Amino acid sequence: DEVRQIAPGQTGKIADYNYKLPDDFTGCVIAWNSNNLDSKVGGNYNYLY
Amino acid sequence: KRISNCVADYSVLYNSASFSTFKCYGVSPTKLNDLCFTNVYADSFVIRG
């Protein structure tokens, strides 16, 4: 869901506490699902925010 | 429902992650706390996604 907060000019808890982009961002964003790589049935709590 | 003669703290509403969609079209949610209105009309309904 946060993959939308990533884009420039956005706002939110992710955009206001941990990771924030600039308004004039020039670059490229790439994203792919890694559920099978980094997800477990018991809960892969290694990822925090 | 007409809301009037009160103080609205929209910060808690924005901070609630339970909302899948939130979009303000004439204002920004952050500025809402600092902006006073004449009267509000909360219209509720259930729709298909």
# chains A, B, ... in the order shown; residues from 1 in each chain; ligands from 1
>>> interface_residues(of="chain A", to="chain B", cutoff="12 Å", atoms="only C-alpha atoms", output="mmCIF file with N, CA, C and O atoms, in the first residue's frame")
data_model
loop_
_atom_site.group_PDB
_atom_site.id
_atom_site.type_symbol
_atom_site.label_atom_id
_atom_site.label_comp_id
_atom_site.auth_asym_id
_atom_site.auth_seq_id
_atom_site.Cartn_x
_atom_site.Cartn_y
_atom_site.Cartn_z
ATOM 1 N N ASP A 1 0.819 -1.208 0.000
ATOM 2 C CA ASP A 1 0.000 0.000 0.000
ATOM 3 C C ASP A 1 0.855 1.260 0.000
ATOM 4 O O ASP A 1 0.488 2.258 -0.632
ATOM 5 N N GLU A 2 1.995 1.237 0.693
ATOM 6 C CA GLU A 2 2.860 2.407 0.766
ATOM 7 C C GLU A 2 3.541 2.721 -0.559
ATOM 8 O O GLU A 2 4.171 3.778 -0.674
ATOM 9 N N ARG A 4 2.491 3.882 -3.043
ATOM 10 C CA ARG A 4 2.033 5.169 -3.557
ATOM 11 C C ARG A 4 2.643 6.329 -2.781
ATOM 12 O O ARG A 4 2.920 7.386 -3.357
ATOM 13 N N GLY A 9 6.142 14.341 -3.616
ATOM 14 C CA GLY A 9 5.027 15.191 -3.257
ATOM 15 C C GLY A 9 3.951 14.519 -2.437
ATOM 16 O O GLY A 9 2.882 15.111 -2.246
ATOM 17 N N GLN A 10 4.193 13.307 -1.946
ATOM 18 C CA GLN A 10 3.216 12.586 -1.150
ATOM 19 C C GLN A 10 3.405 12.915 0.330
ATOM 20 O O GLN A 10 4.320 13.644 0.721
ATOM 21 N N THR A 11 2.526 12.370 1.166
ATOM 22 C CA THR A 11 2.616 12.578 2.604
ATOM 23 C C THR A 11 2.006 11.377 3.311
ATOM 24 O O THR A 11 1.190 10.645 2.744
ATOM 25 N N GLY A 12 2.413 11.190 4.553
ATOM 26 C CA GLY A 12 1.949 10.070 5.348
ATOM 27 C C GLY A 12 2.959 9.745 6.428
ATOM 28 O O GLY A 12 4.016 10.361 6.532
ATOM 29 N N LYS A 13 2.605 8.746 7.239
ATOM 30 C CA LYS A 13 3.500 8.331 8.313
ATOM 31 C C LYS A 13 4.835 7.855 7.754
ATOM 32 O O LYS A 13 5.894 8.163 8.310
ATOM 33 N N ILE A 14 4.807 7.109 6.648
ATOM 34 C CA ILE A 14 6.051 6.729 5.984
ATOM 35 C C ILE A 14 6.782 7.973 5.498
ATOM 36 O O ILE A 14 7.998 8.112 5.671
ATOM 37 N N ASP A 16 6.549 10.956 6.639
ATOM 38 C CA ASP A 16 6.787 11.926 7.699
ATOM 39 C C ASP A 16 7.575 11.369 8.876
ATOM 40 O O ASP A 16 7.836 12.115 9.827
#
>>> select_by_dssp(residues="segment 1-46 of chain B", states="alpha helix (DSSP H)", output="PyMOL selection string")
chain B and resi 10-15+29-32
>>> write_last_selection(atoms="N, CA and C atoms", output="short mmCIF file (atom, residue, chain, number, x, y, z; two decimals), in the first residue's frame")
data_model
loop_
_atom_site.label_atom_id
_atom_site.label_comp_id
_atom_site.auth_asym_id
_atom_site.auth_seq_id
_atom_site.Cartn_x
_atom_site.Cartn_y
_atom_site.Cartn_z
N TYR B 10 -8.97 16.57 12.67
CA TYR B 10 -8.81 15.65 11.55
C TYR B 10 -7.49 14.89 11.58
N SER B 11 -6.56 15.28 12.46
CA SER B 11 -5.28 14.59 12.52
C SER B 11 -5.45 13.13 12.89
N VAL B 12 -6.33 12.84 13.84
CA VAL B 12 -6.57 11.45 14.23
C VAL B 12 -7.21 10.68 13.08
N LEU B 13 -8.12 11.32 12.35
CA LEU B 13 -8.73 10.67 11.19
C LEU B 13 -7.68 10.32 10.15
N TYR B 14 -6.78 11.25 9.84
CA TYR B 14 -5.73 10.97 8.87
C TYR B 14 -4.77 9.90 9.37
N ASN B 15 -4.45 9.91 10.67
CA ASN B 15 -3.49 8.96 11.22
C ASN B 15 -4.05 7.55 11.31
N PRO B 29 -5.07 17.37 3.90
CA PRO B 29 -5.41 16.91 5.26
C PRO B 29 -4.56 17.55 6.35
N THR B 30 -3.28 17.81 6.08
CA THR B 30 -2.43 18.42 7.09
C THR B 30 -2.92 19.82 7.45
N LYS B 31 -3.38 20.58 6.45
CA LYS B 31 -3.82 21.94 6.69
C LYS B 31 -5.19 22.00 7.36
N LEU B 32 -5.95 20.90 7.34
CA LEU B 32 -7.31 20.93 7.87
C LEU B 32 -7.33 21.39 9.32
#
>>> select_by_dssp(residues="chain B", states="strand (DSSP E)", output="ChimeraX atom specification")
/B:2-3,40-41
>>> residues_around(residues="segment 39-43 of chain B", least_positions_apart="4", cutoff="9 Å", atoms="only C-alpha atoms", output="number ranges by chain")
B: 1-5
>>> decode(residues="segment 19-32 of chain B", atoms="N, CA, C and O atoms", output="compact mmCIF listing (two decimals), in the first residue's frame")
# COMPACT_ATOMS: atom_id res chain seq x y z
N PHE B 19 -8.25 3.41 6.82
CA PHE B 19 -8.87 3.95 5.62
C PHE B 19 -8.06 3.55 4.40
O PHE B 19 -6.88 3.89 4.28
N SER B 20 -8.70 2.81 3.48
CA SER B 20 -8.02 2.41 2.25
C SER B 20 -7.82 3.60 1.32
O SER B 20 -6.76 3.75 0.70
N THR B 21 -8.83 4.46 1.20
CA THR B 21 -8.80 5.61 0.32
C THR B 21 -9.07 6.87 1.12
O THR B 21 -10.00 6.91 1.93
N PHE B 22 -8.27 7.90 0.89
CA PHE B 22 -8.50 9.22 1.48
C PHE B 22 -8.00 10.26 0.48
O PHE B 22 -6.83 10.25 0.11
N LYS B 23 -8.89 11.14 0.04
CA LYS B 23 -8.52 12.14 -0.96
C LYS B 23 -9.26 13.45 -0.69
O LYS B 23 -10.49 13.48 -0.70
N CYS B 24 -8.50 14.51 -0.45
CA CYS B 24 -9.05 15.86 -0.30
C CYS B 24 -8.75 16.64 -1.57
O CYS B 24 -7.60 16.69 -2.02
N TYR B 25 -9.78 17.26 -2.15
CA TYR B 25 -9.68 17.83 -3.48
C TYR B 25 -9.59 19.35 -3.51
O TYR B 25 -9.16 19.90 -4.53
N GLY B 26 -9.97 20.03 -2.43
CA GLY B 26 -9.83 21.47 -2.37
C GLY B 26 -8.91 21.91 -1.25
O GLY B 26 -8.60 23.10 -1.12
N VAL B 27 -8.45 20.96 -0.44
CA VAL B 27 -7.61 21.23 0.71
C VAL B 27 -6.66 20.05 0.90
O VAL B 27 -6.79 19.01 0.25
N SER B 28 -5.70 20.22 1.81
CA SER B 28 -4.82 19.12 2.19
C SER B 28 -5.14 18.67 3.61
O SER B 28 -5.45 19.50 4.47
N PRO B 29 -5.07 17.37 3.90
CA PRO B 29 -5.41 16.91 5.26
C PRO B 29 -4.56 17.55 6.35
O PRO B 29 -5.07 17.81 7.44
N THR B 30 -3.28 17.81 6.08
CA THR B 30 -2.43 18.42 7.09
C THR B 30 -2.92 19.82 7.45
O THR B 30 -2.90 20.21 8.62
N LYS B 31 -3.38 20.58 6.45
CA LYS B 31 -3.82 21.94 6.69
C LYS B 31 -5.19 22.00 7.36
O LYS B 31 -5.56 23.05 7.90
N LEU B 32 -5.95 20.90 7.34
CA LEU B 32 -7.31 20.93 7.87
C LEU B 32 -7.33 21.39 9.32
O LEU B 32 -8.20 22.18 9.72
